[PDB]
Structure formats: structure tokens, C-alpha cells
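**Q** Input: one structure, supplied below.
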Amino acid sequence: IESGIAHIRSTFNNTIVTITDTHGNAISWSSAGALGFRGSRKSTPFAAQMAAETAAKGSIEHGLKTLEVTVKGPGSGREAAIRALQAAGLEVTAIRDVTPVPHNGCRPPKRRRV
Amino acid sequence: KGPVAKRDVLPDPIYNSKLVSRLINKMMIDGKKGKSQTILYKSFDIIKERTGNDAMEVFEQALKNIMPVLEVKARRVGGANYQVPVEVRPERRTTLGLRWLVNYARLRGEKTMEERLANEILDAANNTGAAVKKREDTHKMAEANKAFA
RNA sequence: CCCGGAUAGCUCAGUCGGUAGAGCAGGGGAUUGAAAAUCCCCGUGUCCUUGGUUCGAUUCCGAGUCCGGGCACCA
RNA sequence: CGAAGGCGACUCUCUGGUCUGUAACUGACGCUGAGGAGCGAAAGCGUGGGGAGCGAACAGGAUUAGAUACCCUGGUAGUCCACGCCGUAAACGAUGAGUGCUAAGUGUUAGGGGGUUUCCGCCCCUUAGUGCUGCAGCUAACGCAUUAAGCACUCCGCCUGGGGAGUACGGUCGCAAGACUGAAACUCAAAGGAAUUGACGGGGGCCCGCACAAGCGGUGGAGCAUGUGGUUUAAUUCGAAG
RNA sequence: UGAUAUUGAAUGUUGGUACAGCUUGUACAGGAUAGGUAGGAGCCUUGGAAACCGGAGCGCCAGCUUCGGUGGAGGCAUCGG
């Protein structure tokens with residue numbers, strides 16, 4: 001194939017990266033536990049460095065070149081996929097910070113020390 | 001505080017180097033230069049003989065299979081036991097190679113260290129050797145703990 | 001009557017003819033003002049036995065134990 | 001903005017007070033207010049509705065000497081609505097309501113008046129809450145200072161050492177949970193208020209020593225010397241004890 | 001609860017065969033990528049070879065495989081190792 005977009009979710013634990021179609025259909029995906037970062041090493045920028053490259057190898061298997069990266073969530077891997085996937089020979093076109101922003105939503109859980 | 005360096009003596013009678021005299025300062029048990037020098041110059045005569053080469057080119061090429069690339073420092077957060085990748089200075093490549101030479105040399109076990117040190121260098125020149133994996137396992141400690149910087 | 005489990009100390013995988021693979025454990029390593037839990041390293045295995053095809057073949061047929069799921073004979 | 005609790009998507013219907021502008025009107029009609037009345041977050045209660053997140057009780061996995069806790073994934077009541085009740089809180093400005101008076105400076109929300117100007121604007125005067133730094137004075141000190149804790153006055157509540165105690169008893173009220181009024185025998189010579197020097201902090205900032213890290217060499221195993229222990233004896237002289 | 005189908009009318013669909021097409025075949029040594037049996041020193045090109053490029057795919061990732069487009073008369077086999 002030729003074109004697709006790239007979803008990245010970089011939470012406090014995981015850096016989950018999927019390469020999907022432009023109209024939302026998956027091709028390849030990986031994360032830190034997919035490579036073998038077993039513990040709480042999953043949030044490191046080295047983990048998103050390794051995880052984005054392995055998913056991009058499945059894109060070369062399907063030959064798509066153009067990307068469209070949507071960053072979702074607070075973490076550390078939002079810079080690493082820019083460092084990885086641009087160096088992966090793939091065309092990074094647009095970068096969004098689409099965190100799903102609630103207006104008020106539902107009430108969050110308690111603070112961790114109450 | 002601040003950085004404080006120390007001094008060192010230049011020459012060598014045979015194998016006219018600088019780093020060889022640093023190895024003479026190694027294996028100095030209890031303040032014996034010449035007793036270690038008696039071990040040293042008898043060894044390199046075999047090293048020149050048992051492998052028909054100049055012992056200098058045998059020596060540092062064996063060191064290049066010992067001289068590491070990355071140290072590991074640490075970090076205690078609770079009980080997590082974090083590690084830090086550390087770039088090895090060109091100071092420390094000279095120093096830590098000598099430790100991994102001489103400690104494993106005297107620990108192998110043969111007749112004299114004239115024979116222990118000589119076959120150890122060939123185990124690092126031809127890098128199949130016990131002390132060479134000490135370099136290699138640190139890279140295995142570095143490859144796992146690479147993720148932190 | 002058929003179908004399920006025979007390897008490393010153990011739990012388990014696994015090739016269409018050329019070989020030893022994970023996890024836990026053992027042994028040590030560093031780590032850490034100590035401690036597990038993690039992080040590496042080698043470890044140790046006739047892949048159940050016997051014959052055959054074949055160049056030898058866990059590999060793969062010729063020959064059989066013992067544990068589980070059932071159809072169903074039982075005077 | 002409301003008197004307080006409180007109320008933040010939007011629009012409509014219905015409705016309360018607020019502030020300015022004067023002057024048209026009333027001619028003191030006002031202030032406060034024991035009991036009485038009504039309101040009053042969250043929890044809880046009774047009947048049904050609705051229950052996506054969240055979440056006491058409980059359960060599980062860890063943590064730990066113990067974890068009936070903090071963490072962890074779930075998780076019932078609840079929260080949510082209409083209607084009825086409980087009527088309590090750090091229901092806080094820890095400041096009862098009103099009237100006047102007493103240097104300023106300063107923003108900021110709503111006006112109004114003017115000064116050149118249609119302006120925008122700047123400047124000045126002026127009512128109303130709204131904050132900060134400030135004089136006199138008040139304060140035990142911190143602080144408070146035209147939004148008083150200044151100086152005066154009218155009215156209402158409350159306190160008379162701390163514990164015993166907001167307990168018991170008696171009564172009202174409530175569907176109950178418990179609220180309100182509210183003791184005493186006893187017992188200590190003190191419990192608290194701000195402030196100061198200190199010492200400490202698993203509080204912060206700077207900074208130091210072989211303290212730690214980076215190394216070397218030993219002690220703890222082995223015999224033996226030696227020193228105190230204990231024990232042992234006629235006595236094992238007495239002292240020193242992180 | 002399933003078969004029968006009172007009970008056909010189509011559409012796809014995945015298995016099975018009746019058919020056929022058509023890929024795969026190194027342990028190293030090795031020129032390499034060597035299943036075995038029989039025939040066997042030959043075949044093949046202007047009815048297009050050597051070489052270049054593209055595609056599908058395989059690979060014990062080396063390389064093999066087939067097709068297409070160029071090209072220009074050349075390849076390959078026994079033998080030998």
C-alpha cells in the first residue's frame with residue numbers, strides 16, 4: 001500500500017504505537033512490552049525509540065510512505081517518535097497533540113495520599 | 001575539592017613505553033618493583049618467542065579486546081536498583097584493562113605468573129579468553145541498562 | 001473401541017533429512033546505608049526404548065508402558 | 001450576586017432583591033429583636049424512579065514482624081431526580097445587626113458629573129461593594145487599620161480555670177440515627193494565648209571531613225600472644241562500660 | 001437439540017473430491033541449492049542466446065525461481081572437481 005496514519009499513545013506506563021490506514025484500519029503496531037521492556041522501563045524515551053522502529057518495519061512490509069502522527073496522552077515518547085520515524089525514512093506530515101480533553105466529564109479518582 | 005591528578009614515571013628499559021610501567025605498578029604486592037619486574041621481562045621474552053612477533057604489537061592489541069566502552073553507575077530509588085550508562089574516559093580504558101588483566105592472570109593457575117600472564121595476553125590477543133568476557137558481560141550489563149542515560 | 005501427557009533439576013515448547021530452545025530453579029555477578037522483587041552470565045538434556053528407510057536421521061516409520069476424556073461390551 | 005448555606009453549558013417562561021440618577025411624593029413611617037416562624041452544603045433516613053464514571057462496607061493481590069491502613073484491580077450503599085424528614089459542620093472574616101465620625105495611597109466591578117474631544121482616550125470630582133501597603137489611636141504580641149480589632153451609642157446572644165462532658169438525668173422534637181436546653185459528685189494547681197532563644201525534622205537552600213563513591217590492605221574463619229567479659233575457686237585486688 | 005425435509009428461488013462463502021492447471025527437492029564438501037529410480041552424451045537458440053531492467057515469490061536471506069521489457073548470437077550437459 002501507499003498511505004496511512006500513525007497513532008501514538010504515550011501514557012505514564014506505555015508507549016503504544018499503531019500504524020493504521022488514513023480511514024482507520026490497522027497495519028502494524030508495537031510497544032515496550034512488545035519488545036521486552038518488562039518493568040517500569042516502558043515510559044523511557046529509549047523504549048519509544050525502539051518500539052516505533054519495529055512497527056515501522058511492518059510499514060516497509062506494506063510499502064506505505066506517508067504518515068500523519070497523532071500524539072495522545074502525557075508521557076515522554078512524543079519526541080521519540082519524531083526522532084525515530086523521521087529517521088525511519090517515512091514521511092511525517094502532520095503532528096497533532098490530540099489528547100481527549102474532557103470538558104468536565106466524570107469525576108477523577110482520589111489523590112494518592114488521602 | 002575539585003579535580004586532583006597524580007604523577008607517573010615515563011620510561012621503560014625494554015618496550016620503551018609509558019603504559020607498561022603502569023603495569024609494573026600493577027602486581028606490586030607489598031612494595032616490590034623488581035620482584036614484579038622479574039616476572040615481567042621473563043614473560044615477554046616468552047611472548048616474543050612462543051608467538052613469533054614483537055611483544056608490543058601483541059600487548060596493546062590484546063588490550064583492545066579488554067578496554068571497555070561503557071561503565072555502569074547506579075541509582076537507588078526505594079529499592080528499584082537503577083543503573084546509569086557511563087562513558088568510559090580515555091583515562092579509564094588504560095586503568096581498568098590492567099585490573100582485568102592481572103586479577104584474572106594470577107587467578108588462572110599454572111606454574112609461575114611468567115606463564116600465567118603470557119598465555120593470558122594470547123587469550124586476549126586471540127580474544128578467546130576468560131578475562132575478555134569480563135569486558136563482554138559489562139556490555140551485556142550495558143545493553144540491558146541502555147534505556148536510561 | 002478412539003482421543004489426550006513421555007527432555008534441561010523442574011515446568012514446557014518445538015522443524016518438510018543434518019541442532020539442543022524459553023520460563024522457574026541452581027551457581028555467581030553487579031546493583032543497593034541492608035532486604036526481597038527485579039537486571040545479566042554460563043549452566044545441565046540418548047528430546048523414552050528398540051529395530052528400519054537412509055549419508056547419519058528428537059526429526060520417522062516397524063514394536064510397546066502409564067496418567068485423563070468418552071462410545072460401548074460385562075455371563 | 002444572595003442574608004447565610006450556596007449558584008458556573010445554552011435558551012425560553014415565572015420571580016426576588018441590589019445600585020445609580022434626581023425630587024415628584026410621604027412627613028420619622030425607623031433600628032434591633034427573647035420566645036415563635038422559614039431557609040440551611042455533605043452525610044444519613046422513608047417511598048418509588050435512574051444508576052456511565054466515581055465509590056464507604058466487604059473481597060482479592062501486595063506492603064509489612066502485624067496491615068482490620070496509605071498503594072493496587074474490582075466492588076454494595078451512595079451521589080442523581082421528584083416528594084417528605086433530620087436541622088448539624090473550621091454553617092470562618094474563627095470578627096452578632098444598624099447609625100455617624102476619624103490621614104492617605106492604590107487597584108479593581110457597576111454607575112454618574114465635568115474637562116478639550118463624535119471620538120478613542122486621558123485628567124478630575126463623585127456613590128457602591130471589592131483587595132493590597134500604610135498615620136493617629138487600639139492591641140498582651142502577631143496583627144487590625146473609612147470593609148476596624150479607632151473613639152461613642154442604642155438594642156440580642158455568649159463566657160467566668162482545665163478535666164469529668166456536651167456526658168448522665170429530666171423534658172420537648174424526630175420514622176430512626178441523634179439534634180436542642182443542660183448538670184453533679186469527683187480531681188489536678190494548672191490545662192491554653194502570642195512571642196524569643198535554642199535543639200530537633202523520614203522539611204528546604206548553601207557548604208564540609210577518607211564520611212561516601214572510585215581503589216588498596218586487613219579485622220570476623222585458623223593457631224597463638226594479649227585485654228575485659230562471664231564462669232570459677234581460699235581469693236581470682238580495685239577502677240574504667242556506646 | 002439435530003437429521004429427514006412437507007420445501008424452492010437466488011446470491012455469495014469456505015472444506016471435500018470428480019477434474020485439472022501449476023510450485024517446491026544444499027548437511028557440508030561444493031562452481032554451487034545434491035530427493036530417488038530408469039534413459040543417457042546431449043540439448044539449445046533469427047521459431048531469439050550472453051548481458052541489462054521490471055514484476056510475482058521463495059530463501060538453510062546466500063541466492064534461487066518464473067514472467068515481462070531490452071539485446072544480439074550466444075548458452076548449457078556428460079566429462080572434470
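Convention: chains lettered A, B, ... in C-alpha cells order; per-chain residue numbering from 1; ligands numbered from 1 as shown.
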Set the distance at 8 Å and use only C-alpha atoms (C1' of nucleotides): which residues neighbour region 44-56 of chain E once local chain neighbours fewer than 5 positions away are removed? I'd like the list as a list in words.

**A** residues 67, 68, 69, 70, 71, 73, 74, 75 and 76 of chain E

**Q** I need the residues from that last selection saved to file as a PDB file, in the first residue's frame (with N, CA, C and O atoms (P, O5', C5', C4', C3', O3' and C1' of nucleotides)), if you can.

**A**
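Writing the result to result_19.pdb gives the following:
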ATOM      1  P     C E  67       9.104 -18.688 -17.856  1.00  0.00           P
ATOM      2  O5'   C E  67       8.402 -17.264 -17.976  1.00  0.00           O
ATOM      3  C5'   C E  67       6.996 -17.141 -17.828  1.00  0.00           C
ATOM      4  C4'   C E  67       6.589 -15.725 -17.511  1.00  0.00           C
ATOM      5  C3'   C E  67       7.094 -14.652 -18.458  1.00  0.00           C
ATOM      6  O3'   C E  67       6.362 -14.578 -19.668  1.00  0.00           O
ATOM      7  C1'   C E  67       7.367 -13.932 -16.222  1.00  0.00           C
ATOM      8  P     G E  68       7.089 -14.086 -21.013  1.00  0.00           P
ATOM      9  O5'   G E  68       7.145 -12.502 -20.861  1.00  0.00           O
ATOM     10  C5'   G E  68       5.952 -11.744 -20.730  1.00  0.00           C
ATOM     11  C4'   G E  68       6.239 -10.339 -20.265  1.00  0.00           C
ATOM     12  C3'   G E  68       7.239  -9.556 -21.094  1.00  0.00           C
ATOM     13  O3'   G E  68       6.690  -9.043 -22.294  1.00  0.00           O
ATOM     14  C1'   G E  68       7.745  -9.284 -18.813  1.00  0.00           C
ATOM     15  P     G E  69       7.574  -9.039 -23.635  1.00  0.00           P
ATOM     16  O5'   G E  69       8.458  -7.723 -23.500  1.00  0.00           O
ATOM     17  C5'   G E  69       7.849  -6.469 -23.237  1.00  0.00           C
ATOM     18  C4'   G E  69       8.858  -5.452 -22.769  1.00  0.00           C
ATOM     19  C3'   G E  69      10.098  -5.305 -23.631  1.00  0.00           C
ATOM     20  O3'   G E  69       9.880  -4.525 -24.792  1.00  0.00           O
ATOM     21  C1'   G E  69      10.732  -5.421 -21.362  1.00  0.00           C
ATOM     22  P     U E  70      10.844  -4.699 -26.065  1.00  0.00           P
ATOM     23  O5'   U E  70      12.097  -3.782 -25.714  1.00  0.00           O
ATOM     24  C5'   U E  70      13.347  -3.979 -26.353  1.00  0.00           C
ATOM     25  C4'   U E  70      14.491  -3.621 -25.440  1.00  0.00           C
ATOM     26  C3'   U E  70      15.882  -3.870 -25.998  1.00  0.00           C
ATOM     27  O3'   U E  70      16.322  -2.816 -26.836  1.00  0.00           O
ATOM     28  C1'   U E  70      15.740  -4.719 -23.787  1.00  0.00           C
ATOM     29  P     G E  71      17.313  -3.109 -28.064  1.00  0.00           P
ATOM     30  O5'   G E  71      18.731  -3.317 -27.370  1.00  0.00           O
ATOM     31  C5'   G E  71      19.824  -3.860 -28.094  1.00  0.00           C
ATOM     32  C4'   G E  71      20.407  -5.053 -27.383  1.00  0.00           C
ATOM     33  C3'   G E  71      20.961  -6.157 -28.274  1.00  0.00           C
ATOM     34  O3'   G E  71      22.295  -5.901 -28.689  1.00  0.00           O
ATOM     35  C1'   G E  71      19.607  -7.088 -26.547  1.00  0.00           C
ATOM     36  P     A E  73      25.838 -10.394 -33.225  1.00  0.00           P
ATOM     37  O5'   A E  73      25.827 -11.910 -32.733  1.00  0.00           O
ATOM     38  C5'   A E  73      26.855 -12.409 -31.881  1.00  0.00           C
ATOM     39  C4'   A E  73      26.479 -13.726 -31.242  1.00  0.00           C
ATOM     40  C3'   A E  73      26.652 -14.964 -32.124  1.00  0.00           C
ATOM     41  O3'   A E  73      27.010 -16.079 -31.307  1.00  0.00           O
ATOM     42  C1'   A E  73      24.410 -14.799 -31.438  1.00  0.00           C
ATOM     43  P     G E  74      28.549 -16.436 -31.013  1.00  0.00           P
ATOM     44  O5'   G E  74      28.595 -16.599 -29.430  1.00  0.00           O
ATOM     45  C5'   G E  74      28.364 -15.485 -28.581  1.00  0.00           C
ATOM     46  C4'   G E  74      27.117 -15.665 -27.753  1.00  0.00           C
ATOM     47  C3'   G E  74      27.192 -16.720 -26.663  1.00  0.00           C
ATOM     48  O3'   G E  74      27.844 -16.256 -25.495  1.00  0.00           O
ATOM     49  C1'   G E  74      25.191 -16.998 -27.874  1.00  0.00           C
ATOM     50  P     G E  75      28.497 -17.305 -24.468  1.00  0.00           P
ATOM     51  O5'   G E  75      27.265 -17.789 -23.587  1.00  0.00           O
ATOM     52  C5'   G E  75      27.261 -19.071 -22.982  1.00  0.00           C
ATOM     53  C4'   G E  75      25.856 -19.551 -22.731  1.00  0.00           C
ATOM     54  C3'   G E  75      25.730 -20.891 -22.028  1.00  0.00           C
ATOM     55  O3'   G E  75      25.881 -20.784 -20.623  1.00  0.00           O
ATOM     56  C1'   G E  75      24.293 -20.852 -23.899  1.00  0.00           C
ATOM     57  P     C E  76      27.049 -21.588 -19.871  1.00  0.00           P
ATOM     58  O5'   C E  76      26.362 -22.967 -19.470  1.00  0.00           O
ATOM     59  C5'   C E  76      25.062 -22.993 -18.901  1.00  0.00           C
ATOM     60  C4'   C E  76      24.318 -24.236 -19.310  1.00  0.00           C
ATOM     61  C3'   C E  76      25.076 -25.539 -19.126  1.00  0.00           C
ATOM     62  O3'   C E  76      25.033 -26.024 -17.796  1.00  0.00           O
ATOM     63  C1'   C E  76      24.118 -25.485 -21.288  1.00  0.00           C
TER      64        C E  76
END

**Q** Could you tell me, as a PyMOL selection string, which residues of chain B DSSP assigns to alpha helix (DSSP H) when given the backbone?

**A** chain B and resi 19-25+34-50+55-64+90-108+113-125+130-144

**Q** Wanna dump the chain D-chain B contacts at 10 Å for me, each residue with its shortest atom pair and the distance in Å to one decimal, counting only C-alpha atoms (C1' of nucleotides), ordered by chain and number, as CSV?

**A**
residue,atom,partner,partner_atom,distance
D:208,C1',B:1,CA,9.8
D:213,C1',B:73,CA,9.9
D:217,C1',B:30,CA,9.0

**Q** Show me which bits of chain B are within 10 Å of chain A, counting only C-alpha atoms, as a ChimeraX atom specification.

**A** /B:80,144-149

**Q** Work out how far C1' of residue 24 (chain C) is from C1' of residue 11 (chain C), in Å to one decimal.

**A**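 These atoms are spaced 7.3 Å apart.
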